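Below is one structure, written out as structure tokens, with a few remarks after it.
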Amino acid sequence: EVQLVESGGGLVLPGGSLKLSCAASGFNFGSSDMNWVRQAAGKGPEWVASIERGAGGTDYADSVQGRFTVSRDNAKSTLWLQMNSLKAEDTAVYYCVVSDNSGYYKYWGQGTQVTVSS
Amino acid sequence: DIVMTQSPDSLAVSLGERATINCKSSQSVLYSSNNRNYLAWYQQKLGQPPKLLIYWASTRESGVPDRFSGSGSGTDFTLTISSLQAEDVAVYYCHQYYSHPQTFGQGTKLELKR
């Protein structure tokens, strides 16, 4: 019954910005820790950002810190990822993920492709 | 950072065979406070997102058949499929969630062998 629907992927020039959304339903979003995890073609998943349940509190992979911002609105049951200063190496499918409070990833969305290219 | 290393990179298996795949973490993921390994396995079927199979190294997630099992502790982990079904052809990943950054292996491709 858990639904996680990402949107907003597209083409970005290097240096550009893009905002991803994740619409969540079928569970108590506000009491869930949420994450962005990306996966480049032929590679394993890479954790990008976390935001704690309730009122939030964030963490980032070192290589995105200062460029990317994760945010949430519990009433809207929506997670966002604002990506700035994008580079080619950020090209990937980006997934919205619900984590158990221990940290394992219980539910993943279908993903949205981000393409960063000149 | 904890680094996760999987082996083999690929394995070709025929229907009904036993298949074993391995994952090593560069540091132990056993938490002394609860005696749990912070180790998960995911299955990624073609064109789909990853799906949770196993957490705490050996606990099967709901909706996962008994032919899947996880074992190991500390740094050394295994995923076993006791009888490969066609639907089990997929890429399998291990994941440590002991400490940030959470990290993944590079996957093992389980391919169908005629």
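For the protein sequence lines, the chains are B and E, in the order given.
The letter at position 91 of the first sequence is residue 91 when you use the deposited numbering, and the numbering goes up by one with no holes.
The letter at position 19 of the second sequence is residue 19 when you use the deposited numbering, and the numbering goes up by one with no holes.
We treat Cβ as the ideally placed atom computed from N, Cα and C, and that holds for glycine.
- Under a criterion of Cβ atoms nearer than 8 angstroms, the residues of chain B adjacent to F104 of chain E are, in order, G44, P45, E46 and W47.
- Of all residues in the segment 102–118 of chain B, only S102, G103, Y104, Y105, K106, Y107, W108, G109, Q110 and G111 place a beta-carbon less than 9 angstroms from a beta-carbon of chain E.
- Going by DSSP, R67 of chain B is part of no beta strand (DSSP E) at all; its letter is neither H nor E.
- Contact annotation for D59 of chain B against chain E: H100 [CB-CB distance below 8 angstroms, chain order].
- Per DSSP, the beta bridge partners of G70 of chain E are E:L79.
- Counting C-beta atoms within 10 angstroms of its own C-beta, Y95 of chain B has 16 or more neighbours from the protein chains shown and is therefore classed as buried.
- Taking C-beta separations shorter than 7 angstroms and ignoring five residues to either side along the sequence, the partners of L13 of chain B in its chain run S118, following chain order.
- When DSSP states are grouped into helix, strand and coil, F104 of chain E belongs to the strand group.
- By the neighbour-count criterion, in which a residue is buried when 16 or more other Cβ atoms sit within 10 angstroms of its Cβ, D90 of chain B is buried.
- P49 of chain E places its beta carbon less than 8 angstroms from that of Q110 of chain B.
- The C-beta of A40 of chain E comes closer than 8 angstroms to at least one C-beta of chain B.
- Rounded to the nearest angstrom, the gap between the Cα atoms of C23 of chain E and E1 of chain B is 31 angstroms.
- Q27 of chain E places its beta carbon 8 angstroms or farther from that of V91 of chain E.
- The Cβ atoms of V89 of chain E and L52 of chain E lie no closer than 8 angstroms to each other.
- Annotation: the continuous beta strand (DSSP E) that includes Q6 of chain E extends over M4 to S7.
- Per DSSP, the continuous beta strand (DSSP E) segment holding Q44 of chain E begins and ends at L39 to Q44.
- As DSSP reads the structure, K19 of chain B sits in a beta bridge with B:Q82.
- Excluding residues up to 5 positions away in sequence, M34, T58, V70 and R72 lie with their Cβ nearer than 6 angstroms to the Cβ of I51 of chain B in the same chain.
- Contact annotation, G42 of chain B with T112 of chain B: C-beta distance approximately 18 angstroms; criterion of less than 8 angstroms not satisfied.
- If you draw a straight line from the Cα of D62 of chain B to the Cα of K19 of chain B, it comes to about 19 angstroms.
- Secondary structure of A75 of chain B (DSSP, three-state): coil.
- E17 of chain E sits in coil when the DSSP states are folded into three classes, being neither helix nor strand.
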